[PDB]
Structures are given as C-alpha cells and as structure tokens.
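Worksheet for the structure shown next.
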Amino acid sequence: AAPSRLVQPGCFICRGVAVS
Amino acid sequence: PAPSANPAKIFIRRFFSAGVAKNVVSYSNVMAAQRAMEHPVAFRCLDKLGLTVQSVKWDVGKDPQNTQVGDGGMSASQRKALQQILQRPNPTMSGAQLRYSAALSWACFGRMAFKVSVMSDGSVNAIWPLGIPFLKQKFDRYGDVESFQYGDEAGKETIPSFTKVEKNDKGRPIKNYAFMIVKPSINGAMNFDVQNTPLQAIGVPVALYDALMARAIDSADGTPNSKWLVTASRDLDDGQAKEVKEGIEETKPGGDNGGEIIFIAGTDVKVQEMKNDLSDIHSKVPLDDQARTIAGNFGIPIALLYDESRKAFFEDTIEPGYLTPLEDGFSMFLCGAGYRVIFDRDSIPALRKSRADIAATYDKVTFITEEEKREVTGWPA
Amino acid sequence: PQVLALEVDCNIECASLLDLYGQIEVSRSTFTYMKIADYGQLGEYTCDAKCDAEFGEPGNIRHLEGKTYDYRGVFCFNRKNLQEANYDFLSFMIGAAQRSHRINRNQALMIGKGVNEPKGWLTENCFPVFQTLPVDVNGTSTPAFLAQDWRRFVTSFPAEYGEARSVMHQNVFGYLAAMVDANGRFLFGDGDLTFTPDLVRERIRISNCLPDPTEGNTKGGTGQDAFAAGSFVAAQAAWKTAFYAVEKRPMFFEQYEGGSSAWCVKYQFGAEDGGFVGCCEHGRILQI
C-alpha cells in the first residue's frame, strides 16, 4: 500500500474571536 | 463433574465456524448410497446386513458390571415404559423395522440418529428414526453439538441434543432430543470428521462391475447369432443363386429336405463356419474378483454368497460392528446406570448349538461356583 | 507437495447495529399497527356563571402498515472438482452466503432506498440533522469538529425521551481521543499514552461502516484536509423506539433439481426480513 498520511487535529481552540 | 471443557475446541477456532447448521454427510456420499441400492451385489449385501440384525430380540435388563449400588433405574416405571417402547415404537412401526433402519443407515453412512418424546418424568413416549441424508446439526462454542436441524424451510425443529436439554433432578431429560450416534475415525474429530463407511473404498470395483456388465448386455444384442457364412462367385446367375440358397436353408429342423446332404454340381461354393463363442462376454474372471471385493469390504465371508462361515459372519462382523455399537449408543443415553439395553444372544438360531456345547462342557468342571458357571454363558442370576 | 491446513482469509465484518433497534417477529408478510398523531385539546378555562361548555377538538388515530422484503441468491458448482477436491466448497459457500446476507441486511437497514429494500434512517432524512460550525485559521474558514461540539450534541438530547446511545466510527473516536488543548495536553486521558473509557458505560456503541467523515483517517484538517463540510459524523437515538426490525424466516438453502444439467449442480438460498422507522423524533444526527 502507498504511504498514507496521518493528519491529526491541530491546536483548535476558538470559533468566536479573530486575532488582531 | 461434567468437565464441560473438552479438547475438541481445536476445530471451532478456524477449521470450523459456530452456528452454521452444517450437514452431516456429503452429497457425494448420499448419492453414492442411493445408486448402491440398485446395484445387484451392493444391494444384496446391504439387505443382508439389515436383515440379520433385524432378527435380534431386544429387552432391558441389569448390566453385568453393576458396581453402581445407587442404581440409575430411577423409577422402575420408566424402565417398564422403556421396555414397552423398545418392543413397540411409534405407531405404524415395530422394533424390528427400527433395528433394520438403524443398522442400514449405519452401514451406508456410519451414523445413527433417533428422536425421543419423553413425556414429563423420564418416561419415554416414542422413538423415531431420522433420515441421515437430510439431517443437519449445529455445534456449540466449546466442543460439541447443541441442536439438530431437520428440514430445509418448513420443518425447522431445532431439536436439542442430549447434552443440552431440560433435565430432571436425577439427570433424565424431560423434553425431546436426539442421539446422532457416530463412528470414530483417524485424527479424532469426534463429530467434525469424515464418515467411516465401507462405501468409501468400493468406488472403483463397483464402477468396474457396472462397466463390464454394460459391455455384456450390449454385446448380447448386436453380435450376429448366425453361422455358416456361405459365399458364391460372380458367375452364378442370381435366379439359381436363390435355389442353392433355398437348397441349403431348407435343411432346418422341420424342412422339406431336412437332414439330407447338400449336393452342388459345378461352381464349387465355399462355406466357413463362424465360432461366435459369446461365452465370456461378462469377463467371468475379472468380475468375481470385484464381487469378492465389494462383499469382503462389507465384512462378508464369500461362502455366504459352510456353517462355520455363518458362525464367523455372525460373531466376527455382525456382533462387534452393528450390535455392540447400537447397544452402547442406546445404553449411553436411554437409561440410568445399573440398567441398560441388552439383546439375547440365544435368539440367534446359528449360535444355539455353540451355546449348547459350551454350556454342556462347563457343566463338567468342578472348581467353579454355580453363579459364575451361569454368568460365563449368559444367565444372570 | 506439503499442503497445510492453514486457511488465511483476512476479511472483516462491521459491528452490528441489530441489537440496538427494536426487534419484532411476524409470521405473515404484511403487518399493521395503530399510531396516535396527537391527543388534541379538550376543554378550555371557561368562565364562571355560564351554563354551557365547549366541544374542544378531538385527537387523531392513524393506522399504518408494512410489508417484509425477500433476499435471494443462487450458486452452482461443477461436481468434478467438488468430487476431487481436498476441501468442502459446499460449507465454504454456505458460510459465504450467510456472511453476505448479514452484511447486506445491515447495510440495507442502514441506508436502504425505498422500493424492495427497507428504508434506512440515513436516506429517510427525517431525523433532525444538527450541523456544526466552521472554524477560522489564518483567515481561512475551514470546517472542523471539536470535543466541545461533541459534548453539546450528546447533551442536547431531550431528557424525557429516555436514555439514548450513540453510533460513530472508530476513526471519529480516535480523532476525539487524540485532541490537544492549547499548550500541549490531551483533553481526554491526560498522561497515560491512551484514552480508552468504558464504552458501554459512556453509552457509545461503535461500528465500522458508517460514512466515516475522516476519509481513510486522512482528513484531520488544517489545509486541504478539511472535513469536506456535509459529511455524516454521528447519530444518537433512542433505538428501542426509533427504528424497528421485523423478522419472518431465517436463511434457507435448497438444491435446484431441474436447471442442474448434470454438469453444474446448483443451490439457491433465501430469506425474508425488513425494517422501518416509527416516530423519527427520537433521534438526531450530528454532521459537519
């Protein structure tokens, strides 16, 4: 089988305040 | 007590799969037993095996190796009911025909299956034989059978096995069950194994017998039965070639000039007489050999198809191959310890003389008590 | 020349979403049942000193019914390799047919399409679907799925409906378990190399042939790995009253004498079963 990636969730915190 | 842990789990792992209701006999064996019922020699032996075992008489009785003082004849009323059913099975059936079917199916497939309908208290009500071809069985998770499937779509009675069924406080069942008596083989596999049948190793000679006999029937009609291939020459005026024919032909028994010589003046005709043996069309030598194979493989002294050979056929293959396995299968689960199914050896008309002399000579010995003089020739007490 | 007994097969099932749904048994091929649409209002807060009353408005009782669909197949042999082989093709194919029937019944009761297949609750699309919000990253508005959303969805089930389990993929469960907070810590199972809580107690039954939103466990999502918004994530329902499964007859096998031309002996196999959805208010679907 071809080498498949293992992408995982990153640092997910917010949904309501964009950074300046 | 009941280990419930047998070493027969070696097969349910991957060699087998639980909850499948697999068939007990391969369709090839079923068809092989079917066509063998019309084969002359095979049918002859098969009906012989069933016939002789059908002559033995049943009865319930005490077992000789009765070290069980706590007798398993739980009620002594289940035993009389067991005696009744052993002599009178389910209506429109006798014990003799039951024996015939059991031993026959044992010979063709190496299995015995039955059905019981014990009422409520270990008292057996009736017994039914089961068609071994179309009987399916279902295995447990550890090592054994739990139910039997009998019928494809409509009839689906998941009849429980004897091992798993609602028992009494003493051990006897209360509801219906089945037996599935099996013949062992190599590599163990108490029930997961292949059958052990004489039909396994008779395929080639029966095929040869059919082929040679088919050659016989064919050549019987198809070979000219005429003699005297007479031949003339192309100088004989067909118109008198008729009369020379009418001269020779009209000598048959009850003819015009019958039995008189044949005179041909000029134009010498030449006769040659065909042999037409036709006396070895069935290949007598390579036919009786195959007959001896399919008879010996069933355990049949050739002489049967003199009295010493009958004694042998009775007490060398019939007794310890159909009578002992049937009795121990019944004795295993049909009644408690101390009592078991027994058949009287003295009912065999061929061994009556043998039992007579053995009883007579034993009468002469003196350093032996009367009870053991009895027990050595039957006669319990 | 040293043929072994090894029979490596290496094929998988799913889990079974059968012990969840309410099971019922029917003999005939058409069942029927009553349903209460609404009790309706009867009686108002009438005034006093009024020798009268109001008839109100009666309720409603409907009478629905449902069939059961059949599932059949056929397979033959050649009776020559069947005779000369060192195996049992018959039992092999019986097992294969039972396996295929089980997996097909499961996938049908899940995603069945109308005619001659029980309508699965996926294609029914009357379970309320709750879609999760997208997230921001470097200005981009990629969609995501958080433990916060998972907790919100598992908590928003109406309490009076009863206890309701959830169904979701092991890939989704691994994604949930392998979450990281801001600095570096795991959200669940802090510092034990693995998070494996008692499923049966967390009331989360697991399976393996759901839409599996994280494609091949390769769609965590920060760039072009976004969850492709519009993909099933999980379902939560009081299954003992949301979806019913009717059973009539187990599998049966029969040789077909006639059609067997003495070369290829043939068996047929058959079964009948079905499923439906009752009150599809008990039951919600969390989606991206």
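By order of appearance in the structure tokens: chains A, B, ..., then residues from 1 within every chain, and ligands from 1 in the order shown.
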Checklist entry - Contacts of residue 7 of chain A at 9 Å or less, counting only C-alpha atoms, minus same-chain residues fewer than 5 places along, as a VMD selection string? => result chain C and resid 217 to 222 225
Would you export the selected residues with N, CA and C atoms as a short mmCIF file (atom, residue, chain, number, x, y, z; two decimals), in the first residue's frame, please?
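Okay, again-v1.cif is ready:
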```cif
data_model
loop_
_atom_site.label_atom_id
_atom_site.label_comp_id
_atom_site.auth_asym_id
_atom_site.auth_seq_id
_atom_site.Cartn_x
_atom_site.Cartn_y
_atom_site.Cartn_z
N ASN C 217 -9.01 7.97 7.54
CA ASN C 217 -8.23 8.54 8.64
C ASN C 217 -7.16 9.48 8.09
N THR C 218 -7.53 10.28 7.08
CA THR C 218 -6.59 11.17 6.42
C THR C 218 -7.16 12.57 6.21
N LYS C 219 -8.14 12.99 7.01
CA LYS C 219 -8.78 14.29 6.86
C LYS C 219 -8.94 14.98 8.20
N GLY C 220 -7.84 15.08 8.95
CA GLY C 220 -7.86 15.86 10.18
C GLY C 220 -8.25 17.30 9.93
N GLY C 221 -7.53 17.98 9.04
CA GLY C 221 -7.95 19.26 8.52
C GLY C 221 -7.25 20.48 9.07
N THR C 222 -6.25 20.97 8.34
CA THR C 222 -5.71 22.30 8.59
C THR C 222 -5.57 23.07 7.28
N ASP C 225 -7.08 19.36 3.96
CA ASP C 225 -7.58 18.17 4.62
C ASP C 225 -8.89 18.42 5.35
#
```
Next on the checklist: Just list as a PyMOL selection string whatever in segment 155-249 of chain C DSSP marks as alpha helix (DSSP H).
Outcome noted: chain C and resi 155+170-177+199-202+239-242
Filtering to C-alpha atoms, could you give me those residues as an mmCIF file, in the first residue's frame?
```cif
data_model
loop_
_atom_site.group_PDB
_atom_site.id
_atom_site.type_symbol
_atom_site.label_atom_id
_atom_site.label_comp_id
_atom_site.auth_asym_id
_atom_site.auth_seq_id
_atom_site.Cartn_x
_atom_site.Cartn_y
_atom_site.Cartn_z
ATOM 1 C CA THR C 155 -26.103 16.700 25.905
ATOM 2 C CA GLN C 170 -13.588 4.212 15.434
ATOM 3 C CA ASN C 171 -11.793 6.791 13.286
ATOM 4 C CA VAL C 172 -14.016 9.514 14.768
ATOM 5 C CA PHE C 173 -13.400 8.089 18.235
ATOM 6 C CA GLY C 174 -9.640 8.176 17.683
ATOM 7 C CA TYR C 175 -9.883 11.745 16.393
ATOM 8 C CA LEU C 176 -11.792 12.692 19.550
ATOM 9 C CA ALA C 177 -9.314 10.888 21.808
ATOM 10 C CA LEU C 199 -17.900 2.356 26.066
ATOM 11 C CA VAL C 200 -20.968 0.526 27.452
ATOM 12 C CA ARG C 201 -20.914 2.987 30.359
ATOM 13 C CA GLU C 202 -20.384 6.076 28.183
ATOM 14 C CA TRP C 239 -33.136 2.979 19.188
ATOM 15 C CA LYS C 240 -35.634 0.743 21.003
ATOM 16 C CA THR C 241 -38.400 3.070 19.757
ATOM 17 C CA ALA C 242 -36.954 4.864 16.698
#
```
Next on the checklist: Quick check: residues of chain C within 9 Å of chain B, only C-alpha atoms, returned as a list in words.
Outcome noted: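 Result: residues 5, 6, 7, 79, 82, 83, 88, 90, 91, 94, 95, 98, 249, 250, 251, 252, 253 and 254 of chain C.
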Checklist entry - Within 12 Å of residue 67 of chain B, counting only C-alpha atoms, which residues qualify if same-chain residues fewer than 3 places away don't, as a list in words? => result residues 62, 63, 64, 70, 71, 72, 337, 338 and 339 of chain B
Using the selection just defined, write its residues with N, CA, C and O atoms as a compact mmCIF listing (two decimals), in the first residue's frame.
```
# COMPACT_ATOMS: atom_id res chain seq x y z
N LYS B 62 -30.55 -55.71 33.78
CA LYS B 62 -29.44 -55.29 34.63
C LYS B 62 -28.12 -55.45 33.89
O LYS B 62 -27.93 -56.40 33.11
N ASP B 63 -27.19 -54.52 34.13
CA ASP B 63 -25.92 -54.73 33.47
C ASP B 63 -25.00 -55.59 34.33
O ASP B 63 -25.08 -55.55 35.56
N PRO B 64 -24.14 -56.39 33.70
CA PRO B 64 -23.26 -57.27 34.49
C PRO B 64 -22.25 -56.50 35.33
O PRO B 64 -22.00 -56.88 36.49
N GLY B 70 -26.09 -47.50 43.76
CA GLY B 70 -27.10 -46.48 43.55
C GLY B 70 -27.66 -46.56 42.15
O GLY B 70 -27.34 -45.73 41.30
N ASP B 71 -28.49 -47.58 41.91
CA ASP B 71 -28.95 -47.90 40.56
C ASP B 71 -29.60 -46.70 39.89
O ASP B 71 -30.37 -45.96 40.51
N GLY B 72 -29.29 -46.52 38.61
CA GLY B 72 -29.84 -45.45 37.80
C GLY B 72 -31.17 -45.77 37.16
O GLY B 72 -31.68 -44.96 36.38
N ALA B 337 -27.57 -45.59 35.02
CA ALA B 337 -26.58 -46.63 35.27
C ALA B 337 -27.23 -47.84 35.94
O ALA B 337 -28.35 -47.78 36.45
N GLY B 338 -26.52 -48.97 35.91
CA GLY B 338 -27.02 -50.19 36.51
C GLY B 338 -28.00 -50.94 35.62
O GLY B 338 -28.15 -52.16 35.76
N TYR B 339 -28.67 -50.23 34.73
CA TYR B 339 -29.57 -50.83 33.76
C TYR B 339 -29.19 -50.35 32.37
O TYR B 339 -28.76 -49.21 32.18
```
Checklist entry - Taking the backbone alone, and naming residues the way the document does, which bits of segment 214-275 of chain B are strand (DSSP E) by DSSP, as a ChimeraX atom specification? => result /B:229-231,270-272
Write a file of the just-selected residues containing N, CA and C atoms, as a CSV table (one decimal), in the first residue's frame.
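Listed below is the output, again.csv:
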```csv
chain,number,residue,atom,x,y,z
B,229,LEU,N,-21.3,-68.7,-42.9
B,229,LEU,CA,-21.1,-67.5,-43.8
B,229,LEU,C,-20.8,-68.1,-45.2
B,230,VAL,N,-21.8,-68.5,-46.0
B,230,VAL,CA,-21.5,-69.1,-47.3
B,230,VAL,C,-21.3,-67.9,-48.3
B,231,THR,N,-20.5,-68.2,-49.3
B,231,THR,CA,-20.1,-67.2,-50.3
B,231,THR,C,-20.0,-67.8,-51.7
B,270,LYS,N,-18.2,-72.2,-51.2
B,270,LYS,CA,-17.3,-72.3,-50.1
B,270,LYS,C,-17.9,-71.8,-48.9
B,271,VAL,N,-18.1,-72.8,-47.9
B,271,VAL,CA,-18.7,-72.5,-46.6
B,271,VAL,C,-17.6,-72.3,-45.6
B,272,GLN,N,-17.8,-71.4,-44.7
B,272,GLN,CA,-16.9,-71.2,-43.5
B,272,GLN,C,-17.8,-71.0,-42.3
```
Checklist entry - Which value, in Å to one decimal, gives the distance between atom CA of residue 216 of chain C and atom CA of residue 6 of chain A? => result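 Interatomic distance, atom CA of residue 216 of chain C to atom CA of residue 6 of chain A: 9.4 Å.
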Item to check | Exercise: residue 59 of chain B partners within 9 Å, only C-alpha atoms, chain neighbours under 5 positions left out, as a list in words | outcome: residues 83, 86, 87, 340, 341, 342, 343 and 344 of chain B
Checklist entry - chain A residues within 7 Å of chain C, counting only C-alpha atoms: which ones, as a PyMOL selection string? => result chain A and resi 5-9+11+13+15
Those selected residues, please, written with C-alpha atoms and delivered as a compact mmCIF listing (two decimals), in the first residue's frame.
```
# COMPACT_ATOMS: atom_id res chain seq x y z
CA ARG A 5 -0.51 10.42 5.76
CA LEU A 6 -1.69 10.58 9.38
CA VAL A 7 -3.01 14.14 9.59
CA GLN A 8 -4.36 14.86 13.08
CA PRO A 9 -6.26 17.84 14.54
CA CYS A 11 -4.39 23.27 18.24
CA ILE A 13 -9.47 26.46 20.46
CA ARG A 15 -14.67 29.96 16.94
```
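Candidate residues C:149, C:111, C:203, C:35 were compared for distance to residue 14 of chain A, and the nearest is C:149, using only C-alpha atoms.
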Checklist entry - So how many Å separate atom CA of residue 167 of chain C and atom CA of residue 207 of chain C, to one decimal? => result 7.0 Å
Checklist entry - Excluding same-chain residues fewer than 6 positions from residue 31 of chain B, what lies within 12 Å of it counting only C-alpha atoms, as an MDAnalysis selection string? => result (chainID B and resid 25 37:38 108:109 133:134 199) or (chainID C and resid 79 83)
Dump of C-alpha atoms for the selected residues, as a PDB file, in the first residue's frame:
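File produced: selection-v8.pdb:
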```
ATOM      1  CA  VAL B  25     -22.932 -36.241   5.209  1.00  0.00           C
ATOM      2  CA  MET B  37     -29.235 -49.610  -3.535  1.00  0.00           C
ATOM      3  CA  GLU B  38     -29.940 -50.781  -7.104  1.00  0.00           C
ATOM      4  CA  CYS B 108     -24.295 -46.708   4.328  1.00  0.00           C
ATOM      5  CA  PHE B 109     -23.208 -43.590   6.250  1.00  0.00           C
ATOM      6  CA  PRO B 133     -29.031 -37.719   4.323  1.00  0.00           C
ATOM      7  CA  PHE B 134     -31.056 -34.574   5.090  1.00  0.00           C
ATOM      8  CA  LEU B 199     -18.787 -47.182   0.694  1.00  0.00           C
TER       9      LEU B 199
ATOM     10  CA  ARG C  79     -19.401 -31.742  -9.462  1.00  0.00           C
ATOM     11  CA  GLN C  83     -15.606 -34.682  -6.024  1.00  0.00           C
TER      12      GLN C  83
END
```
Checklist entry - Which distance in Å separates atom CA of residue 357 of chain B and atom CA of residue 301 of chain B, to one decimal? => result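 Taking atom CA of residue 357 of chain B as the start and atom CA of residue 301 of chain B as the end point, the length is 24.1 Å.
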Next on the checklist: Can you pull out the residues contacting residue 195 of chain B? Cut-off 12 Å, using only C-alpha atoms, and skip same-chain residues under 5 positions away; I want them as a PyMOL selection string.
Outcome noted: chain B and resi 23-26+28-30+105-112+132+181-186+188-190+200-201
Checklist entry - Quick one: residues within 8 Å of segment 172-174 of chain B, only C-alpha atoms counted, chain neighbours fewer than 5 positions away excluded, as a VMD selection string? => result chain B and resid 118 to 122 162 165 to 167 335 to 336
Please produce a file of the residues just selected, as a PDB file, in the first residue's frame, where the atoms kept are N, CA and C atoms.
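Now in out.pdb:
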```
ATOM      1  N   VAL B 118     -39.947 -38.056  25.537  1.00  0.00           N
ATOM      2  CA  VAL B 118     -40.203 -38.314  26.952  1.00  0.00           C
ATOM      3  C   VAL B 118     -41.268 -37.363  27.481  1.00  0.00           C
ATOM      4  N   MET B 119     -42.289 -37.924  28.137  1.00  0.00           N
ATOM      5  CA  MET B 119     -43.472 -37.145  28.481  1.00  0.00           C
ATOM      6  C   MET B 119     -43.188 -36.018  29.469  1.00  0.00           C
ATOM      7  N   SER B 120     -42.981 -36.347  30.747  1.00  0.00           N
ATOM      8  CA  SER B 120     -42.594 -35.317  31.707  1.00  0.00           C
ATOM      9  C   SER B 120     -41.682 -35.818  32.822  1.00  0.00           C
ATOM     10  N   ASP B 121     -41.464 -37.130  32.908  1.00  0.00           N
ATOM     11  CA  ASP B 121     -40.816 -37.704  34.087  1.00  0.00           C
ATOM     12  C   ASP B 121     -39.866 -38.831  33.705  1.00  0.00           C
ATOM     13  N   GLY B 122     -39.045 -38.613  32.681  1.00  0.00           N
ATOM     14  CA  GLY B 122     -38.137 -39.643  32.225  1.00  0.00           C
ATOM     15  C   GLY B 122     -38.794 -40.832  31.561  1.00  0.00           C
ATOM     16  N   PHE B 162     -28.825 -34.307  23.449  1.00  0.00           N
ATOM     17  CA  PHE B 162     -28.962 -34.880  24.782  1.00  0.00           C
ATOM     18  C   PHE B 162     -28.127 -34.123  25.809  1.00  0.00           C
ATOM     19  N   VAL B 165     -30.344 -30.143  27.417  1.00  0.00           N
ATOM     20  CA  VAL B 165     -31.795 -30.297  27.419  1.00  0.00           C
ATOM     21  C   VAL B 165     -32.263 -30.199  28.862  1.00  0.00           C
ATOM     22  N   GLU B 166     -33.526 -29.820  29.050  1.00  0.00           N
ATOM     23  CA  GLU B 166     -34.091 -29.681  30.389  1.00  0.00           C
ATOM     24  C   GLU B 166     -34.128 -31.044  31.070  1.00  0.00           C
ATOM     25  N   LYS B 167     -33.289 -31.220  32.086  1.00  0.00           N
ATOM     26  CA  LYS B 167     -33.157 -32.487  32.789  1.00  0.00           C
ATOM     27  C   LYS B 167     -34.042 -32.522  34.031  1.00  0.00           C
ATOM     28  N   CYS B 335     -31.138 -44.701  29.507  1.00  0.00           N
ATOM     29  CA  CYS B 335     -31.490 -45.133  30.850  1.00  0.00           C
ATOM     30  C   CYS B 335     -30.301 -44.867  31.761  1.00  0.00           C
ATOM     31  N   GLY B 336     -30.568 -44.857  33.062  1.00  0.00           N
ATOM     32  CA  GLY B 336     -29.523 -44.609  34.032  1.00  0.00           C
ATOM     33  C   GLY B 336     -28.588 -45.792  34.191  1.00  0.00           C
TER      34      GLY B 336
END
```
